[PDB]
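Here the structure comes first, spelled out in structure tokens, and everything after it is commentary.
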Protein chains: 6
Amino acid sequence: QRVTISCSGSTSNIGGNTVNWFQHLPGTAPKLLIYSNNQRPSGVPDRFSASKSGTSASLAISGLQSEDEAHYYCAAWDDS
Amino acid sequence: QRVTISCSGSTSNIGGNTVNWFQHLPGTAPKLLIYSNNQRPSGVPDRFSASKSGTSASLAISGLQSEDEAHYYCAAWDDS
Amino acid sequence: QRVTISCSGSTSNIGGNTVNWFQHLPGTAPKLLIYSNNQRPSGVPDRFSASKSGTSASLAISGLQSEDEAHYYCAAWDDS
Amino acid sequence: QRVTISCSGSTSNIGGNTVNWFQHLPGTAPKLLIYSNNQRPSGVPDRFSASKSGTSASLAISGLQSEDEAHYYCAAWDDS
Amino acid sequence: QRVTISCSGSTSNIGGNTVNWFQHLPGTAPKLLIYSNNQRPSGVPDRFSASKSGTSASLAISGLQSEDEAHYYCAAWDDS
Amino acid sequence: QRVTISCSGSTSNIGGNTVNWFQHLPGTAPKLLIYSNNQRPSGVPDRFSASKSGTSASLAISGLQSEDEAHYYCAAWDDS
């Protein structure tokens, strides 16, 4: 036999960039405030898996590739 | 036989960059404040796995590739 | 037989850089404050694994490749 | 006799000034280039004169009184 | 006799000024280029004169009194 | 007789000044270049004179009184 199995992954290519951010900002006054008292997630897989709990109270400004990846690739189970 | 198995991974290439960040900012006054009292995640896989708990109370500014990767690739189980 | 198994990994290439950060900032006044009292994650894999608990109360500014990688590649189990 | 001859000249008075030039210029990138291979003037006066040859390949920004004066005042010739 | 001859000249008075030039210019990118290969003037006066050859390949921005004056005043010739 | 001859000259008065030039310039990159291979002027007065040859390949920024004066005042010739 000639069984062929080929999974894949997270191949990335950005290129160029020069994002320069935020420049030339005369006088501002950022006075943010964050205060949380909840958001308790959970997850209870039994047979299969790759649950992904996630909590945040951030400001969430993303420039390039701010992912929170979590991979689980090409699993198997026979129990012969 | 000629069985061929080929998984993949996290191949990355950025290129160029020169992100320069944030420049030329006349007088500002950042006075942020963070105070949390919760967000307790969990996860209970039994047979399979690669759960990924994650908690944050940050400000979350990302310039390039701020990932939080977690990989689990090409698992197997026979129990012969 | 000619069985061929080829996993992959985290191949990275940035290139160029010259990120210059944040320059030419006239008088500011950063007065941030962080105070947490919770966020206790957990994880209980039994058969498979590579759970990844993670907690943070940071400010989370990323310039280039601020990942928190955790790999588990090409596992096997026969129990013959 | 009461012959009266009165020539004049280049009397100048500017006053005040405070020209301040060019200020508050965030990041620029001047990349000028000058390359000349000609412009050969000439002049051949015989009896009278005060020819004025002039050549330039400059950028020619003038703030106040950027003249290139050349005077020849109250000439005479009798050959008695 | 009471012969009276009175020539004149280049009397100038500017006053006030405060020209301030060009200010508050966020990021630009001047990339000018000059390249000449000709413009050869000439002039051949014989009896009278005050020819004025002039060549330029500049940018020619003038703020105040960017003249290129050349004077020849009250000439005479008798050949008695 | 009461012959009266009165020439003039280059009387100048600026006053005040405080030109301040060019200030508060965040990061620039001047990369000018000058390269000339010509502009040979000339002048051949015979009887009268005060020719004024002039050559330049400069950038020619003038703040106040950048003249290139050349005077020849109240000449005479009798040959009695």
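Quick note on naming: the chains in the structure tokens go A, B, ... in the order shown, residues restart at 1 in each chain, and ligands are numbered from 1 in order of appearance.
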Give me the residues near residue 41 of chain A as a PyMOL selection string, where near means some atom within 8 Å (using only C-alpha atoms) and where sequence neighbours in that chain fewer than 4 positions away do not count. (chain A and resi 53-55) or (chain B and resi 39-42)
When DSSP works through the backbone of this structure, what residues of chain D end up as strand (DSSP E), shown as number ranges by chain? D: 4-6, 12-13, 34-36, 55-56, 61-62
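If we count only C-alpha atoms, these residues of chain F sit within 12 Å of chain C: residues 24, 25, 26 and 27 of chain F.
Excluding residue 65 of chain F itself and same-chain residues fewer than 2 positions from it, the residues having an atom within 9 Å of it are residues 63, 64, 65, 66 and 67 of chain D; 14, 62, 63 and 67 of chain F, counting only C-alpha atoms.
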Next, write the just-selected residues to a file, as a tab-separated table (two decimals), in the first residue's frame, keeping N, CA and C atoms as the atom set.
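Written out: again-v7.tsv:
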chain	number	residue	atom	x	y	z
D	63	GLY	N	15.37	84.90	1.91
D	63	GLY	CA	14.60	85.42	3.02
D	63	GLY	C	14.49	86.92	3.01
D	64	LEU	N	15.62	87.61	2.84
D	64	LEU	CA	15.64	89.07	2.83
D	64	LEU	C	16.93	89.55	2.19
D	65	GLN	N	16.80	90.31	1.09
D	65	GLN	CA	17.92	90.98	0.43
D	65	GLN	C	19.00	89.97	0.01
D	66	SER	N	18.61	89.09	-0.90
D	66	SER	CA	19.52	88.12	-1.51
D	66	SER	C	20.02	88.60	-2.86
D	67	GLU	N	20.25	89.91	-3.00
D	67	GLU	CA	20.63	90.48	-4.28
D	67	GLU	C	22.04	90.05	-4.68
F	14	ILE	N	19.70	97.34	9.25
F	14	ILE	CA	18.83	96.17	9.29
F	14	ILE	C	17.79	96.33	10.39
F	62	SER	N	19.20	82.34	1.89
F	62	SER	CA	19.61	83.65	2.38
F	62	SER	C	18.68	84.07	3.51
F	63	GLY	N	19.27	84.54	4.61
F	63	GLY	CA	18.49	85.03	5.73
F	63	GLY	C	18.36	86.54	5.74
F	67	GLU	N	24.10	89.65	-0.23
F	67	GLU	CA	24.47	90.25	-1.50
F	67	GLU	C	25.89	89.84	-1.90
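Here atom CA of residue 34 of chain C stands at a distance of 29.2 Å from atom CA of residue 51 of chain A.
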Test item: residues at most 10 Å from residue 59 of chain C, only C-alpha atoms, excluding those fewer than 5 positions along its chain, as a PyMOL selection string: (chain A and resi 58-59) or (chain B and resi 34+56-61) or (chain C and resi 32+34)
Limited to N, CA and C atoms, could you put the picked residues into a file as a PDB file, in the first residue's frame?
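Saved to selection.pdb:
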ATOM      1  N   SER A  58      -8.911  43.805  28.385  1.00  0.00           N
ATOM      2  CA  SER A  58      -7.850  44.660  27.874  1.00  0.00           C
ATOM      3  C   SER A  58      -8.436  45.841  27.104  1.00  0.00           C
ATOM      4  N   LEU A  59      -7.590  46.512  26.326  1.00  0.00           N
ATOM      5  CA  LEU A  59      -8.033  47.536  25.388  1.00  0.00           C
ATOM      6  C   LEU A  59      -8.041  47.039  23.948  1.00  0.00           C
TER       7      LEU A  59
ATOM      8  N   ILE B  34      -5.475  49.389  36.474  1.00  0.00           N
ATOM      9  CA  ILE B  34      -6.097  48.084  36.285  1.00  0.00           C
ATOM     10  C   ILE B  34      -6.267  47.424  37.646  1.00  0.00           C
ATOM     11  N   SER B  56      -6.158  37.395  31.091  1.00  0.00           N
ATOM     12  CA  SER B  56      -5.414  38.637  30.947  1.00  0.00           C
ATOM     13  C   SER B  56      -6.293  39.806  31.363  1.00  0.00           C
ATOM     14  N   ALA B  57      -5.649  40.835  31.906  1.00  0.00           N
ATOM     15  CA  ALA B  57      -6.273  42.123  32.186  1.00  0.00           C
ATOM     16  C   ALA B  57      -5.394  43.250  31.662  1.00  0.00           C
ATOM     17  N   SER B  58      -4.711  42.996  30.551  1.00  0.00           N
ATOM     18  CA  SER B  58      -3.652  43.863  30.052  1.00  0.00           C
ATOM     19  C   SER B  58      -4.243  45.050  29.297  1.00  0.00           C
ATOM     20  N   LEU B  59      -3.399  45.735  28.527  1.00  0.00           N
ATOM     21  CA  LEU B  59      -3.847  46.766  27.600  1.00  0.00           C
ATOM     22  C   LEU B  59      -3.850  46.288  26.154  1.00  0.00           C
ATOM     23  N   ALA B  60      -3.032  45.282  25.835  1.00  0.00           N
ATOM     24  CA  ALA B  60      -3.095  44.533  24.577  1.00  0.00           C
ATOM     25  C   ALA B  60      -2.904  45.444  23.361  1.00  0.00           C
ATOM     26  N   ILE B  61      -1.699  45.998  23.269  1.00  0.00           N
ATOM     27  CA  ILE B  61      -1.224  46.652  22.055  1.00  0.00           C
ATOM     28  C   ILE B  61      -0.202  45.728  21.409  1.00  0.00           C
TER      29      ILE B  61
ATOM     30  N   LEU C  32       0.698  54.484  35.866  1.00  0.00           N
ATOM     31  CA  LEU C  32      -0.141  53.296  35.841  1.00  0.00           C
ATOM     32  C   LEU C  32      -0.071  52.555  37.175  1.00  0.00           C
ATOM     33  N   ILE C  34      -1.351  48.460  38.785  1.00  0.00           N
ATOM     34  CA  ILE C  34      -1.962  47.153  38.577  1.00  0.00           C
ATOM     35  C   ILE C  34      -2.128  46.472  39.928  1.00  0.00           C
TER      36      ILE C  34
END
Tell me, in Å to one decimal, how far atom CA of residue 13 of chain C is from atom CA of residue 18 of chain A. 16.2 Å
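What separates atom CA of residue 72 of chain D from atom CA of residue 2 of chain E is a distance of 25.7 Å.
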Which residue out of A:31, A:17, A:52, A:22 has the minimum interatomic distance to residue 70 of chain B when only C-alpha atoms are used? A:52
Residue contacts of residue 9 of chain B (12 Å, only C-alpha atoms) excluding same-chain residues fewer than 2 positions away, as a ChimeraX atom specification: /A:6-12,70-73 /B:6-7,11-12,69-74 /C:6-12,69-74
Shell around residue 21 of chain D at 6 Å using only C-alpha atoms, local window under 2 positions removed, as a ChimeraX atom specification: /D:19 /E:20-21 /F:21-22
For the residues in that selection, give me N, CA, C and O atoms as a PDB file, in the first residue's frame.
ATOM      1  N   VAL D  19      12.429  87.034  11.374  1.00  0.00           N
ATOM      2  CA  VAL D  19      11.928  86.253  10.249  1.00  0.00           C
ATOM      3  C   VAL D  19      11.632  84.817  10.664  1.00  0.00           C
ATOM      4  O   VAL D  19      10.903  84.101   9.970  1.00  0.00           O
TER       5      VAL D  19
ATOM      6  N   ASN E  20       8.329  84.784   9.001  1.00  0.00           N
ATOM      7  CA  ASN E  20       7.962  83.543   9.684  1.00  0.00           C
ATOM      8  C   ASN E  20       8.205  82.285   8.853  1.00  0.00           C
ATOM      9  O   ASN E  20       8.070  81.176   9.377  1.00  0.00           O
ATOM     10  N   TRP E  21       8.522  82.456   7.574  1.00  0.00           N
ATOM     11  CA  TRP E  21       8.776  81.331   6.670  1.00  0.00           C
ATOM     12  C   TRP E  21       7.670  80.272   6.666  1.00  0.00           C
ATOM     13  O   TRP E  21       6.486  80.600   6.717  1.00  0.00           O
TER      14      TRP E  21
ATOM     15  N   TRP F  21      16.362  81.537  12.965  1.00  0.00           N
ATOM     16  CA  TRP F  21      16.639  80.437  12.038  1.00  0.00           C
ATOM     17  C   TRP F  21      15.553  79.358  12.006  1.00  0.00           C
ATOM     18  O   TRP F  21      14.363  79.662  12.062  1.00  0.00           O
ATOM     19  N   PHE F  22      15.970  78.098  11.912  1.00  0.00           N
ATOM     20  CA  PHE F  22      15.037  76.982  11.842  1.00  0.00           C
ATOM     21  C   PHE F  22      15.208  76.073  13.055  1.00  0.00           C
ATOM     22  O   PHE F  22      16.236  75.408  13.204  1.00  0.00           O
TER      23      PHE F  22
END
